[PDB]
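Heads up: the structure comes next, in structure tokens.
Cβ placement follows ideal geometry from the backbone for every residue including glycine, while neighbour counts extend to all protein chains displayed. A short reminder: the numbers here are calculations on the coordinates, not readings from a lab.
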Amino acid sequence: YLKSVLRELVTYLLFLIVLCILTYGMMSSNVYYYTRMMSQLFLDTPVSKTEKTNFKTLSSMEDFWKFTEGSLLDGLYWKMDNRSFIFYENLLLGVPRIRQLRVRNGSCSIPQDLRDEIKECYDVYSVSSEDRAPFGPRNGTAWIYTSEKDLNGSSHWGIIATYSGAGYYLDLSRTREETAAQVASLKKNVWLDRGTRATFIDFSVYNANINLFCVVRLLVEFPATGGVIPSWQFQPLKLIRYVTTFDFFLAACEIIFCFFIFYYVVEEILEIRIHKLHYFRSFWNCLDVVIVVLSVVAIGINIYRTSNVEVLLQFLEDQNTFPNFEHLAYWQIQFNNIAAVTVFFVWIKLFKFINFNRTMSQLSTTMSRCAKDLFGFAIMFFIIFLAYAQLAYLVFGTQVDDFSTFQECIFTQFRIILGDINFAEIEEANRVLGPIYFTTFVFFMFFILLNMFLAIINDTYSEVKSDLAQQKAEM
Amino acid sequence: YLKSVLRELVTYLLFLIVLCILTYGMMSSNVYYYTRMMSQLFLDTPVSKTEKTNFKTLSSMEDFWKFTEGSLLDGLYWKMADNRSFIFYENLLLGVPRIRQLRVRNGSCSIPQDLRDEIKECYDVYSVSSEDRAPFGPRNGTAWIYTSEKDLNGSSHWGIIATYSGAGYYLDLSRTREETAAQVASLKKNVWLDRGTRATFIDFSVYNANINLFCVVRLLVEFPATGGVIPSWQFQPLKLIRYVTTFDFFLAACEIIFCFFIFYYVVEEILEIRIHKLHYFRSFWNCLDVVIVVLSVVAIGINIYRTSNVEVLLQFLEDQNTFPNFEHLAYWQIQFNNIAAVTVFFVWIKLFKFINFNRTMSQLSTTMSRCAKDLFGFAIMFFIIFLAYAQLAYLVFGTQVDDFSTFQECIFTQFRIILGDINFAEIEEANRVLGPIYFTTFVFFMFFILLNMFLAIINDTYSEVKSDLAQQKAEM
Amino acid sequence: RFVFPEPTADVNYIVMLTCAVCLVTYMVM
Ligand SMILES: *[C@@H]1O[C@H](CO)[C@@H](O)[C@H](O)[C@H]1NC(C)=O
Ligand SMILES: *[C@@H]1O[C@H](CO)[C@@H](O)[C@H](O)[C@H]1NC(C)=O
Ligand SMILES: *[C@@H]1O[C@H](CO)[C@@H](O)[C@H](O)[C@H]1NC(C)=O
Ligand SMILES: *[C@@H]1O[C@H](CO)[C@@H](O)[C@H](O)[C@H]1NC(C)=O
């Protein structure tokens, strides 16, 4: 209505436009199909012609040895020393690297009763109980422990545990024959014993047509109870930004965003010095603080990341080594998460300005006055939800793999509401107290707790309309 | 008033954190993968290279014979003087497995007199009255001789078709694959599973010394009198050598702390019920207390009777060439787990007694307690209608659909229909008429009428509660 | 002249239904 709110609206629209451009300029198409073709080539390909097993359905160590000498070498090396082009467009950078992590024999306390029959025990993976000694023909780097600081590694947080960056590693070759010979000699002298706990394969490609590196990491975990758990990660990155004019445009937009964030920071700091000290009793101020801190964190991450390109320069100095691009991919994932969260919050900040008439004002007031009761009832709702989740975890937590973990129990309970749970497995997991849980949960969610939310909303909306009508009609 | 409420809340919070620690300890890190690998090794493997059938989809008796000398022997014995067997190079096979058969006698079924010319043998359904107790075939050893339940150290099972006794004709297999294959071939040649058989059990156990966790495996196959085969399985992880590491001592300390807390609660309950409020049951916050106390006392008693009866482990450890009996321990472990889960659920529900610190939370509790009566009154009618539909579906579709075969299955199918988890093909092909009528009328009268009346009642109660508190507060 | 019944058959519903109906009508009346 007056000039200050108009200025605020104009500034907010400019900031939103800047964010929209910045987010659109980093999530274009042709990035999905890149990773899609890579995944189809490496994951879905059967390990050999005579077997229908692939990487996604590995089941034993012999299957892993078949995959390593099979679909991996077919998907890495393509014929036109010579360089390898994956799809005649994707260039394999340097050499791939394989690395295993293992524990030491005697990391247990075998019970005295059975000490006469079982002699070997290997604990589950832990930093305090991992092997650091040579084994086999202790000549190369595949039979000698190398510390984390000497490998430039970092943690991974796999499915079972969080694995260290150290281990026993081997750098493969640039040609298929040498890599095949290396893997054959690594398999003949048994490299994966009963102590092996994890295995990693890492490499990267370039695809010079577009400007996008791709980093590939494949992990295989061997639990202490026997078996194989495979997982994968394909991640595209951009490290040579300033190649075209659009990149300069994006850099200018980034500088403008930095200026906007500085202006918002100085405004917020100038507000709470004496004026309305402890002004945190408003929603639109806490939202601004959250947006500011998230943007500052994102800016700091971007500055600390883009200034770390020494690995690329080192690889470009000598193109016969292993390119180490895992940290860049990790920080890119973190930056993407932060950017998505902050863009979501700046988008939902738009409700501060949609009050142009009486209908929008009435709806906004109703939503504002529903917050307290909805939170008060959500406390009870989540208490009941957590009690049910704990019961389901304790009952089905070893057979149904929808309740195999507490957070998995919560997600399964949320999916039950949508009615996409089989109920066939939880029937046979426990014939009594299994169906009881399901029926009682359905009855108490659909009949007692949804209607309570609806009743609260109805009453609050009616009261707000009555109060607003009385206020408006008594001038 | 609130000063003692603070002490009560502190004691309840200590009890809750102790119980949470105990439940986290009892449900340890991922032992899901243990049972996952065991099941997928024994349940999903096809019985042979050519056949695509496995244990979960057995169809006839010949399929069972193929599985026995087949996927079972492949998954039992692994090569690495008559050496033991490690199933995944980690899990040690304890002793030998055992197979057992339950059968009925010929003549326990009276056929009509006018039909006693074309048929002469009828085998009744399984019952302890009609169970066979006589030698048959080449009567040489324990496979052709009846052994009593008390001579087998067995117990009932409560399978799917019926409840099976702990007796029958049993055979202990060997440690090597060749001996077991020869024994199974000898059983198959001198026919062992005839028309009189009614149930077959296979039992064994493994250790997996890396973690400290035994596993007991029991596979059951039921042959109903009407024909067919019904398979079922039971994998149970146990811990019988508890005191090994420091965390075990920590869990023992938490256990005795829990026992002291339960004793304290019992003493408080008795002291308060003795002196005043001899009625004591018009609160709903005291029935919860007695329920929790009873459940915890039963759990403590089960734990005491279960952990002290580990004599079977001692007998096995002095002779490792015999079948170890671990079924009773698995049964009591399952019972203890169920009771502990119910107890922890009720302890969590008990937290509602203390969430009252402002006007917003007080009015919600008041609304719930006030509308509980009306909700119960309407829920009586709701459940009467629900059971009417359930019995109609059981009587009409109960013999064709595989989902209305039992009354409880009808109830669960209706509850799934509420969620939209139903497939219309089977319910329709079972009956051209009265099929669509049932489904349509059920959905309409359940979503358009019964679901909205609950909302009507709840909204009216909440509105009146809020209005009367607001009027009282604004006019005082 | 008195014989302990054996656990034969499975279960009979006629007697149970009659007793349940009698108890229910008694309670309502
Ligand atoms: C493993 O540890 C046990 C513990 O005493 C030892 O006896 C054995 O020699 C070690 N090595 C192997 C290969 O078992
Ligand atoms: C780790 O980084 C340093 C930095 O130059 C490099 O010299 C070294 O070779 C790297 N480690 C490996 C195993 O290549
Ligand atoms: C079963 O018993 C009948 C007599 O009721 C007899 O005729 C028939 O041969 C028997 N069948 C056997 C033993 O297989
Ligand atoms: C039953 O247990 C006793 C020990 O209480 C044992 O001697 C006997 O052999 C067991 N039964 C069988 C069939 O092994």
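Fewest to most neighbouring Cβ within 10 Å: what's the order for A:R132, A:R102?
Exposure proxy ranking, most exposed first: A:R132, A:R102.
Please identify every one of the chymotrypsin sites (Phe, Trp or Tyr not before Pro) in the stretch A:311-372 that sits in a loop by DSSP and has no more than 16 other beta carbons within 10 Å of its own beta carbon.
Answer in residue order: A:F353, A:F356.
Taking the Cα atoms of the protein assembly as shown, what is the range of coordinates along each of the three principal axes, in descending order and whole Å?
Computed over the protein assembly as shown, the largest-to-smallest principal extents equal 107, 92, 64 Å.
If you find the alpha carbon centre of the stretch B:162-232 and of the stretch B:1-30, how far apart are they in angstrom?
Here the two parts' Cα centres lie 45 Å apart.
Calculate for the protein assembly as shown the 222 nm mean residue ellipticity that helices alone would give, adding -39,500 (n - 2.57) per DSSP H run of length 4 or more and normalising by residue count, nearest 500 deg cm²/dmol.
After summing the helix terms and dividing by the residues of the protein assembly as shown, the value is -16500 deg cm²/dmol.
Over the stretch A:20-95, consider all pairs of different Cα atoms and compute the Kirkwood hydrodynamic radius from their mean reciprocal separation; express it in Å, one decimal.
This gives a value of 14.5 Å.
Using alpha-carbon pairs under 8 Å, 6+ residues apart, how would you state the relative contact order of the stretch B:335-438 in percent?
15 percent.
With a Förster radius of 30 Å, plug the Cβ-Cβ distance of A:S4 and A:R281 into 1/(1 + (r/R0)^6) and report the FRET value to the nearest 0.05.
Result of the calculation: an efficiency of 0.90.
List the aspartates and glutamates whose alpha-carbon lies under 17 Å from that of A:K52, not counting same-chain residues fewer than 8 positions away?
Result set, ordered by chain and number: A:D44, A:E62, A:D63, A:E69, A:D74, B:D44, B:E51.
Just for the Cα atoms in the stretch B:1-154, what are the lengths along the principal axes, largest first, rounded to whole Å?
So the extents along the principal axes, rounded to whole Å, are 88, 52, 34.
Using a simple charge model, +1 on the beta-carbon of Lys and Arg, -1 on the beta-carbon of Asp and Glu, nothing else, what dipole does the stretch A:407-475 show about its Cα centre, in debye to the nearest 20?
Approximately 100 debye in magnitude.
Restricting the calculation to Cα positions, tell me the Rg (one decimal) and the Dmax (whole number) of the stretch A:291-443 in Å.
That works out to 24.4, 70 Å for Rg and Dmax.
Cut-off is 10 Å between beta-carbons; in what order do A:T244, B:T246 appear when sorted fewest neighbours first?
Result, fewest neighbours first: B:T246, A:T244.
Based on the Cβ-Cβ distance of B:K189 and B:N106, what FRET efficiency does E = 1/(1 + (r/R0)^6) give at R0 = 25 Å, to the nearest 0.05?
Given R0 = 25 Å and the Cβ-Cβ separation, E is 0.70.
Divide, for the stretch A:194-262, the radius of gyration over alpha carbons by 2.2 N^0.38 Å, where N is the residue count.
Here the answer is 1.81, to two decimals.
Quickly work out the A:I17-to-C:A9 label distance, labels modelled 7 Å from Cα along the C-beta direction, and quote it in nm with one decimal.
Here the answer is 8.8 nm between the modelled labels.
Once you have the alpha carbon radius of gyration of the stretch A:83-200, what is it after dividing by 2.2 N^0.38 Å, with N set to its residue count?
Cα Rg divided by the expected 2.2 N^0.38 Å: 1.28.
Run the numbers on the stretch A:1-67 and let me know its relative contact order in percent, using alpha-carbon pairs under 8 Å that are six or more apart.
17
Within a 10 angstrom radius of the beta carbon, how do B:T245, B:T413, A:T245 rank from fewest other beta carbons to most?
By the 10 Å Cβ count, ascending: A:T245, B:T245, B:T413.
Mind computing the radius of gyration and Dmax over the alpha-carbon atoms of the stretch A:287-326? Å is fine for both.
15.9, 50
Just need the relative contact order of the stretch B:181-286 here, percent rounded to a whole number, with Cα pairs under 8 Å and 6+ apart.
The normalised contact order for the stretch B:181-286 reaches 15 percent.
Please state, rounded to one decimal and in Å, the Kirkwood hydrodynamic radius that the stretch B:420-467 gives when every pair of distinct Cα atoms enters the mean of 1/r.
13.1 Å is the Kirkwood radius here.
Among the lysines, which have Cα under 27 Å from the Cα of B:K473 when same-chain residues fewer than 8 positions away are ignored?
Excluding near neighbours in sequence, the set is A:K372, A:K465, A:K472, B:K3, B:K353, B:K373.
Averaging over all projection directions, find the projected area of the Cα convex hull of chain B and quote it in nm² with one decimal place.
With the hull built on Cα positions only, its mean projection is 33.6 nm².
If you take the Cα atoms of the stretch B:316-361, find Rg, then find the Kirkwood Rh from the mean of 1/r over all pairs, what is Rg/Rh?
Computed over Cα atoms, the ratio is 1.48.
Hey, how much of the P(r) for the stretch B:392-476 falls beyond 14 Å, as a percent of Cα pairs?
71
For the stretch A:322-336 and the stretch B:282-353, what is the separation of their C-alpha centers, rounded to whole Å?
49
Please compute the Cα-Cα pair-distance distribution of the stretch B:353-429 with 5 Å bins starting at 0, giving whole percents from short to long.
Percent of Cα pairs in each bin: 3, 14, 16, 16, 10, 9, 9, 9, 7, 5, 2, 0.
First measure r as the distance between the Cβ atoms of A:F375 and B:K353, then evaluate 1/(1 + (r/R0)^6) with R0 = 25 Å and state the FRET efficiency to the nearest 0.05.
0.80
Longer than 29 Å from Cα to Cα, which of A:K49/A:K187; A:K119/A:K149; A:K56/B:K79 are they? Say none if no pair is.
A:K119/A:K149
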